[PDB]
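We use all heavy atoms of the structure for the numbers below, so side chains are in, but hydrogens, waters and symmetry mates are not. Residue numbers begin at 1 in each chain, while the letters A, B, ... track the order of the sequences.
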Amino acid sequence: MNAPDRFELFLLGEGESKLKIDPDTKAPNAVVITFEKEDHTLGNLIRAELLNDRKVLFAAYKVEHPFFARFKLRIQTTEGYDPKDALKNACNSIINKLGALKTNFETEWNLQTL
Amino acid sequence: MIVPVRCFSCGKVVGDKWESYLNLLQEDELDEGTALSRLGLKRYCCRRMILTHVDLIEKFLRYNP
Amino acid sequence: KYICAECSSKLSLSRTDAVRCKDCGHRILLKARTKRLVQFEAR
Amino acid sequence: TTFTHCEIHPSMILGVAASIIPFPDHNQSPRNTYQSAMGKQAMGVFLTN
Amino acid sequence: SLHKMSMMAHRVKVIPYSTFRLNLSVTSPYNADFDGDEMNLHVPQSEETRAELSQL
Amino acid sequence: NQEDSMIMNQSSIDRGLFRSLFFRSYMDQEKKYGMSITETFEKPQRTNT
Amino acid sequence: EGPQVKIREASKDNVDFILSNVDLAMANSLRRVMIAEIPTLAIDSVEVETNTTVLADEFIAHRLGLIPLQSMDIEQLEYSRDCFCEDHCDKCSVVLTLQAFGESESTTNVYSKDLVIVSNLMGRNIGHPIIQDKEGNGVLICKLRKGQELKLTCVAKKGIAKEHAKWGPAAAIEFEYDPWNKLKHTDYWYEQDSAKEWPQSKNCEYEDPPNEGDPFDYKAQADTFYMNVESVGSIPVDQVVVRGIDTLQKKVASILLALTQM
RNA sequence: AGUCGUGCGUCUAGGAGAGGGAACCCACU
Ligand SMILES: [Mg+2]
Ligand SMILES: [Zn+2]
Ligand SMILES: [Zn+2]
Ligand SMILES: [Zn+2]
């Protein structure tokens, strides 16, 4: 009778920002990025890419509740390294890897007659 | 009533082969497993979706309306 | 405005009129679906 | 060594609801009773008309 | 309400579903098993009642 | 799924899993309270009501 | 170089391949986007004008929704919620009409092919019902008896499987890695012998069997993921994976754009 | 091996709401 709006899971609500970045006082140079209308798909990949970087120290993604399509990513890097720059670099690396994988798959499919 | 359009577990379309399944069972007198394998159902989800279905639509159509 | 359960023939009877089918003695007298537009979704 | 009579099949002792239970012996008796009680509340086609 | 701990104050959390949701642990004092158990929620209607529920 | 609870696939739920049709029938009669007086099946028009 | 794809086999609606030099998280995200984030076309709205079948309007509408529809040119199509239209304009929706009725003593079977496209597709091969059975009839929809008239209209919108499973372009997406227990990710449950109880996986032949002499490799990480993608029929498996990769890349780009804007 | 019987139909565009007790039976935690 009051089931959640299914489309609302992946659609931003009125007056809602896609990303909300706030500082974290638990540790120095730590930030919390709340992703709205997102699932484990992007959070896990972004966190895995972040952990692959030596400069990045801590990168953890948490889903508060399955009901709400939203998660929070805590990122802490070394001194003098802005976490937003690290996230941007991780996203760029993910895009490059995805493009390379797409090109390889297309080449393999073209090579195969079937 | 009618065979489900897609498998509940995976979502594979299984409604196309219900008539083929019945024809194989009757025309070729093949066993359930062999007919299902020939139709192209590997995962047991679709196997039980097709095998366990009951054609109540025909029984409902038996009535005049 | 109405149909017979067996004959399935339209009657279009009015008020202060018998509710029995004209073709047969059966008087179930089912009613046809509303003419108003109806929409449904697979969700 | 006499056995003047014999059962056609023991499983027939079960009732309409109990017979629906797969492997009733493999299950505990209170669970079988609960299943028999609950089967009356299962939603399904009761008649074709 | 077999025992004293069968009626306890909880902080409301609005959720978009038609079922009450409670912590796993509080099932033990309530003797709940989520097999169709139906529970009751009573909303206080005064500051006195709210304070008493929160503190007692 | 603790305490015997279960987790059901949303995709299966919306794909035709355990969907049900509920039919409820209401019956009405023009039972006569006094000869020459009977109820009438008509849409009220707010007049004299 | 990056990650490379080794297609072990390919088919009309089933492709089995291997991904190498890729992280487990990336493969899992690719699978998730391919199963959920790929746009697809499916019947969304059903308008009933004259229905008298034994079935119910909601039941038949739900059955129609699950009917696959051609979505090769789905990218060209735009979401209805996006374009400024009154309701289901030709630029954001596909309109089909279903008409049928029985006769003296022959039951009328309604299939996918019975659906007739009524809207203007502007030369786009999108919305055509998918037919794969040898007979070519399609997906059985319902059965009509003498005097049972079925007459309805179907409007299909662009959407993703997340909103409803009917938009799912892939039925089963098998994903495996580490056939031999090299990474100790799984502790096989055994009663007499672990190897005997658990049969060797098919992919095991593609990796060297472990040798008891060498010690456990603690530096090893998940790699060489065997992925088999099966398509319902709306989109071919190759296009399915391509669109999944495109959707994931677009989501990452949107995240980057939001970060830059904020 | 070079030709042939058979059929069809005639008129259509103007503002607002409020209410059943007892008994019996089934069933849930
Ligand atoms: Mg209980
Ligand atoms: Zn299946
Ligand atoms: Zn009649
Ligand atoms: Zn539009």
Open item on the list: Would you say CE of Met8(E) has more than 12 non-hydrogen atoms from neighbouring residues, nucleotides or ligands within 6.0 angstrom?
Closed with: yes
- [ ] Assign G19(H) to north (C3'-endo side) or south (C2'-endo side) according to its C1'-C2'-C3'-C4' torsion.
- [x] south
TODO: Take nucleotides 23-29 of chain H nucleotide by nucleotide from the 5' end and write B, S or -, depending on whether a protein heavy atom sits under 4.0 Å from the base, only from the sugar-phosphate, or from neither.
DONE: ----SSS
Task: Verify stacking: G19(H) then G20(H), 5.5 Å distance, 30° angle limits - done: no
Open item on the list: My parser flags sugar pucker from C1'-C2'-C3'-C4'; what should it report for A16(H), north or south?
Closed with: north
Just distance, no hydrogens or angles: give the donor-acceptor pairs under 3.5 Å from side chains in residues 9-22 of chain C, sequence neighbours left out.
unit_1: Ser9(C); atom_1: OG; unit_2: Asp23(C); atom_2: OD2; d: 3.3
unit_1: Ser14(C); atom_1: OG; unit_2: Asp17(C); atom_2: OD2; d: 2.3
unit_1: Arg15(C); atom_1: NH2; unit_2: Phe41(F); atom_2: O; d: 3.2
unit_1: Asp17(C); atom_1: OD2; unit_2: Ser14(C); atom_2: N; d: 3.0

- [ ] Please look at the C1'-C2'-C3'-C4' dihedral of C25(H) and say whether its sugar is north or south.
- [x] north
Open item on the list: Looking at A18(H) and its strand neighbour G17(H), are the six-membered base rings less than 5.5 Å apart at the centres with planes tilted under 30 degrees?
Closed with: no
Open item on the list: Can you pull out every side-chain hydrogen bond (donor to acceptor under 3.5 Å, both in side chains) where at least one residue sits in residues 45-58 of chain B? Sequence neighbours excluded, please.
Closed with: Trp18(B)-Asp55(B), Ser37(B)-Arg47(B), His53(B)-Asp55(B)
TODO: Please identify each residue that fulfils salt bridge (charged side-chain N to carboxylate O under 4.0 Å, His left out) with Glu39(F), with sequence neighbours left out.
DONE: none
- [ ] Would you indicate, from the sign of the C1'-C2'-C3'-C4' dihedral, whether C4(H) has a north or a south sugar?
- [x] south
If you look only at distance, which donor and acceptor atoms sit under 3.5 Å apart when one is on a side chain in residues 37-49 of chain D and the other is two or more places apart or in another chain?
unit_1: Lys40(D); atom_1: NZ; unit_2: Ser36(D); atom_2: O; d: 3.1
unit_1: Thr48(D); atom_1: OG1; unit_2: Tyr63(B); atom_2: OH; d: 2.5

Task: With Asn64(B) via side-chain contact (heavy atoms from CB on, under 4.5 Å) - residues at least two apart - done: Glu6(C)
Open item on the list: For the sugar ring of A13(H), does the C1'-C2'-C3'-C4' torsion put it in the north or the south range?
Closed with: south
